[PDB]
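Asks: The structure file final_14.csv (CSV, C-alpha atoms) is provided below.
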chain,number,residue,atom,x,y,z
V,1,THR,CA,114.4,116.8,63.5
V,2,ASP,CA,115.6,114.1,65.9
V,3,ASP,CA,116.6,116.8,68.3
V,4,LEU,CA,113.4,118.8,68.1
V,5,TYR,CA,110.8,116.0,68.4
V,6,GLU,CA,112.7,114.8,71.5
V,7,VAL,CA,113.1,118.3,72.8
V,8,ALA,CA,109.3,118.1,72.4
V,9,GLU,CA,109.2,114.9,74.5
V,10,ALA,CA,111.5,116.6,77.0
V,11,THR,CA,109.0,119.5,77.2
V,12,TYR,CA,106.1,117.1,77.5
V,13,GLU,CA,107.8,115.1,80.3
V,14,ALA,CA,108.8,118.3,81.9
V,15,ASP,CA,105.1,119.3,81.9
V,16,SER,CA,103.9,115.8,83.0
V,17,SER,CA,106.4,115.9,85.9
V,18,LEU,CA,105.4,119.5,86.7
V,19,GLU,CA,101.7,118.7,87.0
V,20,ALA,CA,102.7,115.6,89.0
V,21,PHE,CA,104.5,117.9,91.4
V,22,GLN,CA,101.2,119.7,92.2
V,23,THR,CA,99.3,116.4,92.9
V,24,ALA,CA,102.2,114.5,94.6
V,25,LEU,CA,103.4,117.4,96.8
V,26,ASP,CA,99.8,118.2,97.9
V,27,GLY,CA,99.4,114.4,98.3
V,28,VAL,CA,102.1,114.7,101.1
V,29,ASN,CA,100.6,117.9,102.5
V,30,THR,CA,97.2,116.2,102.9
V,31,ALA,CA,98.7,112.9,104.3
V,32,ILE,CA,98.7,114.2,107.9
V,33,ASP,CA,96.6,117.4,108.2
V,34,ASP,CA,93.3,115.8,107.4
V,35,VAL,CA,94.2,112.7,109.4
V,36,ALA,CA,96.5,112.8,112.5
V,37,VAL,CA,96.0,116.3,113.8
V,38,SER,CA,92.3,116.5,114.7
V,39,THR,CA,92.2,112.8,115.7
V,40,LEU,CA,95.1,113.4,118.1
V,41,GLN,CA,93.1,116.3,119.6
V,42,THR,CA,90.1,114.1,120.0
V,43,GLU,CA,92.3,111.4,121.7
V,44,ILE,CA,93.7,114.2,123.9
V,45,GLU,CA,90.1,115.1,124.7
V,46,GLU,CA,89.2,111.5,125.6
V,47,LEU,CA,92.5,111.1,127.5
V,48,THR,CA,92.5,114.3,129.4
V,49,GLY,CA,89.8,116.8,128.2
G,1,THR,CA,123.5,114.8,69.7
G,2,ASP,CA,120.0,113.7,68.5
G,3,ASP,CA,120.9,110.1,69.4
G,4,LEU,CA,121.6,111.4,73.0
G,5,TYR,CA,118.6,113.7,73.0
G,6,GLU,CA,116.5,110.5,72.7
G,7,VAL,CA,118.3,109.4,75.9
G,8,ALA,CA,117.6,112.8,77.4
G,9,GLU,CA,113.8,112.5,76.9
G,10,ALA,CA,114.0,108.8,78.0
G,11,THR,CA,115.5,110.2,81.3
G,12,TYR,CA,112.5,112.6,81.4
G,13,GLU,CA,109.9,109.8,81.0
G,14,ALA,CA,111.5,108.2,84.0
G,15,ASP,CA,111.7,111.7,85.7
G,16,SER,CA,108.0,112.3,85.2
G,17,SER,CA,107.1,108.8,86.3
G,18,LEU,CA,109.3,109.5,89.4
G,19,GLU,CA,106.8,112.3,90.2
G,20,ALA,CA,104.3,109.4,90.0
G,21,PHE,CA,106.6,107.7,92.6
G,22,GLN,CA,106.3,110.9,94.7
G,23,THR,CA,102.5,110.1,94.7
G,24,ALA,CA,103.1,106.3,95.3
G,25,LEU,CA,105.6,106.8,98.2
G,26,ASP,CA,104.8,110.2,99.7
G,27,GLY,CA,101.0,110.6,99.5
G,28,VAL,CA,100.8,106.9,100.4
G,29,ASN,CA,102.2,107.9,103.8
G,30,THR,CA,98.7,108.7,105.0
G,31,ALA,CA,97.9,105.2,106.4
G,32,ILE,CA,100.8,105.8,108.9
G,33,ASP,CA,99.2,109.1,110.1
G,34,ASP,CA,95.8,107.3,110.5
G,35,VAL,CA,96.9,104.1,112.3
G,36,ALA,CA,99.2,105.9,114.7
G,37,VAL,CA,96.4,108.4,115.7
G,38,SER,CA,92.9,106.8,115.3
G,39,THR,CA,94.0,104.2,117.8
G,40,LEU,CA,94.2,105.5,121.4
G,41,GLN,CA,90.4,105.8,121.4
G,42,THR,CA,89.7,102.1,121.6
G,43,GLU,CA,92.0,101.8,124.7
G,44,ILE,CA,90.9,105.1,126.2
G,45,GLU,CA,87.5,103.4,126.9
G,46,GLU,CA,89.4,101.5,129.7
G,47,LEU,CA,90.0,105.0,131.3
G,48,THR,CA,86.3,106.0,130.7
G,49,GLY,CA,85.3,102.7,132.3
Here is the file; what I need is its structure written in the form of structure tokens.
Replies:
Amino acid sequence: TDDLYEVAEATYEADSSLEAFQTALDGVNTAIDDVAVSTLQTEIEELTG
Amino acid sequence: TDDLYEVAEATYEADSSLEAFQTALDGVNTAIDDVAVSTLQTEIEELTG
């Protein structure tokens, strides 16, 4: 019992970690793309375009 | 073994919340990517001038 219920908790905190991968990792992906890239290009435009 | 399976799932609560730390440390980068790169423009106006 005290294996299985805690195997359950292990599965649940696997799942919770595994959903949190999708949000955290994409959180990193979206940190720069939506933010630095285009603005640098606009600052390149105003500098030199 | 059960007594240590409790410890296993306790490591997994911390594991899953460390995916929350991936949100809290890695997605949270985005202010860097903003403030480094939304910030030539104010000074570029002394080129436009």
Asks: State, in Å with one decimal place, the distance from atom CA of residue 34 of chain G to atom CA of residue 47 of chain V.
Replies: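 Taking atom CA of residue 34 of chain G as the start and atom CA of residue 47 of chain V as the end point, the length is 17.7 Å.
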Asks: If you measure from atom CA of residue 25 of chain V to atom CA of residue 20 of chain G, what distance in Å do you get, rounded to one decimal?
Replies: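 About the pair atom CA of residue 25 of chain V and atom CA of residue 20 of chain G: they are 10.5 Å apart.
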Asks: Show me, as number ranges by chain, the residues of chain G whose atoms get within 8 Å of chain V, using all atoms listed in the file for the distance check.
Replies: G: 1-3, 5-6, 8-9, 12-13, 15-20, 22-23, 26-30, 33-34, 36-38, 40-41, 44, 47
Asks: Over all C-alpha pairs taken in sequence order, what does chain G look like after a least-squares fit onto chain V? Please give it as a JSON list (two decimals) with C-alpha atoms, keeping the file's coordinate frame.
Replies:
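Generated file (selection.json):
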[["chain", "number", "residue", "atom", "x", "y", "z"],
["G", 1, "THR", "CA", 116.42, 121.27, 64.42],
["G", 2, "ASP", "CA", 113.61, 118.66, 63.96],
["G", 3, "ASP", "CA", 115.87, 116.04, 65.57],
["G", 4, "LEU", "CA", 116.08, 118.41, 68.64],
["G", 5, "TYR", "CA", 112.42, 119.34, 68.47],
["G", 6, "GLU", "CA", 111.74, 115.63, 69.20],
["G", 7, "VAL", "CA", 113.89, 116.18, 72.32],
["G", 8, "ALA", "CA", 111.95, 119.33, 73.05],
["G", 9, "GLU", "CA", 108.56, 117.52, 73.10],
["G", 10, "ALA", "CA", 110.22, 114.60, 75.02],
["G", 11, "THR", "CA", 111.12, 117.28, 77.68],
["G", 12, "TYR", "CA", 107.42, 118.32, 77.58],
["G", 13, "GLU", "CA", 106.12, 114.75, 78.18],
["G", 14, "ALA", "CA", 108.29, 114.73, 81.25],
["G", 15, "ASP", "CA", 107.13, 118.36, 82.03],
["G", 16, "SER", "CA", 103.48, 117.38, 81.87],
["G", 17, "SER", "CA", 104.06, 114.23, 83.87],
["G", 18, "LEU", "CA", 105.87, 116.50, 86.42],
["G", 19, "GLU", "CA", 102.49, 118.26, 86.84],
["G", 20, "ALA", "CA", 101.33, 114.70, 87.64],
["G", 21, "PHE", "CA", 104.17, 114.74, 90.26],
["G", 22, "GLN", "CA", 102.68, 118.03, 91.57],
["G", 23, "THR", "CA", 99.50, 115.90, 92.23],
["G", 24, "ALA", "CA", 101.56, 112.91, 93.63],
["G", 25, "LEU", "CA", 103.72, 115.06, 96.00],
["G", 26, "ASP", "CA", 101.68, 118.18, 96.74],
["G", 27, "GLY", "CA", 98.03, 117.06, 96.92],
["G", 28, "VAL", "CA", 99.32, 113.94, 98.69],
["G", 29, "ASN", "CA", 100.28, 116.26, 101.55],
["G", 30, "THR", "CA", 96.78, 115.98, 102.95],
["G", 31, "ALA", "CA", 97.45, 112.95, 105.23],
["G", 32, "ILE", "CA", 99.93, 115.23, 107.14],
["G", 33, "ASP", "CA", 97.19, 117.88, 107.71],
["G", 34, "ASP", "CA", 94.78, 115.12, 108.94],
["G", 35, "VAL", "CA", 97.09, 113.17, 111.30],
["G", 36, "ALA", "CA", 98.55, 116.26, 112.90],
["G", 37, "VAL", "CA", 95.01, 117.70, 113.62],
["G", 38, "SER", "CA", 92.42, 114.87, 114.05],
["G", 39, "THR", "CA", 94.50, 113.64, 116.94],
["G", 40, "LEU", "CA", 94.25, 115.82, 120.07],
["G", 41, "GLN", "CA", 90.64, 114.67, 120.47],
["G", 42, "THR", "CA", 91.46, 111.18, 121.63],
["G", 43, "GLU", "CA", 93.76, 112.59, 124.40],
["G", 44, "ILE", "CA", 91.48, 115.51, 125.20],
["G", 45, "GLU", "CA", 89.04, 112.92, 126.70],
["G", 46, "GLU", "CA", 91.59, 112.69, 129.61],
["G", 47, "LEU", "CA", 90.80, 116.45, 130.25],
["G", 48, "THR", "CA", 87.00, 115.79, 129.89],
["G", 49, "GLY", "CA", 87.41, 112.91, 132.34]]
